[PDB]
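S.K.: Below you'll find the structure I mean.
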Amino acid sequence: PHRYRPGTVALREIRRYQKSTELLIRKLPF
DNA sequence: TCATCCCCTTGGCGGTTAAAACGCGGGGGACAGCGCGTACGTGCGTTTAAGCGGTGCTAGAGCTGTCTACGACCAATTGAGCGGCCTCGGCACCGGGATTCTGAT
């Protein structure tokens, strides 16, 4: 099976959360 | 009342004051490499509290009338801070005595 290297998913999440401006903290606990 | 010398005073060319860039002795560790080290990256399995949609309960500011007294503005009154004057001393600078980390042994 496929397995990402420790560094690709991090940059992918960085790009995804820098392109979008949605709230990252849940509403009820906050 | 409407031309030479010459003593020397006004211009520009020469002197000391308080610390650091070269010039040198030099060494503690940043850089790069060796080498040991373990928390979780990613994927899986499993479980749950947030999400969406309602559903039912309940209060308190928005807004509208009623009543009000310290706030603003006016004539008298008045009191100590500012400017100034006079008095007074605390400690930075001097110099010496006592104290003290630090390198070399």
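Following the order of the structure tokens, first chain is A, next is B, and so on, with residues numbered from 1 inside each chain and ligands from 1 in the order they appear.
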Identify, on the basis of only C-alpha atoms (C1' of nucleotides), every residue whose closest approach to stretch 15-30 of chain A does not exceed 12 Å; exclude the query and any residue fewer than 5 positions from it along the same chain; express the result as an MDAnalysis selection string.

M.R.: (chainID A and resid 8:10) or (chainID B and resid 49:51)

S.K.: Selected residues, N, CA, C and O atoms (P, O5', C5', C4', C3', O3' and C1' of nucleotides), written as an mmCIF file, in the first residue's frame, please.

M.R.:
data_model
loop_
_atom_site.group_PDB
_atom_site.id
_atom_site.type_symbol
_atom_site.label_atom_id
_atom_site.label_comp_id
_atom_site.auth_asym_id
_atom_site.auth_seq_id
_atom_site.Cartn_x
_atom_site.Cartn_y
_atom_site.Cartn_z
ATOM 1 N N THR A 8 5.208 15.492 3.651
ATOM 2 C CA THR A 8 4.341 15.846 2.532
ATOM 3 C C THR A 8 2.943 16.225 3.009
ATOM 4 O O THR A 8 2.390 17.247 2.585
ATOM 5 N N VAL A 9 2.359 15.410 3.892
ATOM 6 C CA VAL A 9 1.028 15.705 4.413
ATOM 7 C C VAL A 9 1.040 16.992 5.225
ATOM 8 O O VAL A 9 0.055 17.740 5.234
ATOM 9 N N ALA A 10 2.153 17.284 5.903
ATOM 10 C CA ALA A 10 2.254 18.527 6.661
ATOM 11 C C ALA A 10 2.154 19.739 5.743
ATOM 12 O O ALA A 10 1.385 20.672 6.007
ATOM 13 P P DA B 49 -19.347 11.720 24.529
ATOM 14 O "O5'" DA B 49 -19.261 13.305 24.339
ATOM 15 C "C5'" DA B 49 -18.043 13.905 23.916
ATOM 16 C "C4'" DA B 49 -18.262 14.761 22.681
ATOM 17 C "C3'" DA B 49 -19.265 15.901 22.849
ATOM 18 O "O3'" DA B 49 -18.833 17.036 22.108
ATOM 19 C "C1'" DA B 49 -19.982 14.483 21.119
ATOM 20 P P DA B 50 -19.513 18.471 22.349
ATOM 21 O "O5'" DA B 50 -19.612 19.097 20.880
ATOM 22 C "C5'" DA B 50 -18.427 19.326 20.124
ATOM 23 C "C4'" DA B 50 -18.712 19.282 18.630
ATOM 24 C "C3'" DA B 50 -19.663 20.356 18.114
ATOM 25 O "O3'" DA B 50 -19.269 20.755 16.806
ATOM 26 C "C1'" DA B 50 -20.593 18.224 17.703
ATOM 27 P P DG B 51 -19.954 22.025 16.099
ATOM 28 O "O5'" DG B 51 -20.398 21.466 14.667
ATOM 29 C "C5'" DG B 51 -21.025 20.193 14.570
ATOM 30 C "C4'" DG B 51 -21.802 20.068 13.275
ATOM 31 C "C3'" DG B 51 -22.725 21.234 12.970
ATOM 32 O "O3'" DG B 51 -22.966 21.315 11.573
ATOM 33 C "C1'" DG B 51 -24.010 19.332 13.582
#

S.K.: Counting only C-alpha atoms (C1' of nucleotides), a student should be able to say which residues of chain B come within 9 Å of chain A; what is the right answer, written as a ChimeraX atom specification?

M.R.: /B:41-43,50

S.K.: Rounded to one decimal, what separation in Å do you get between atom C1' of residue B:102 and atom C1' of residue B:27?

M.R.: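 Separation between atom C1' of residue B:102 and atom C1' of residue B:27: 17.3 Å.
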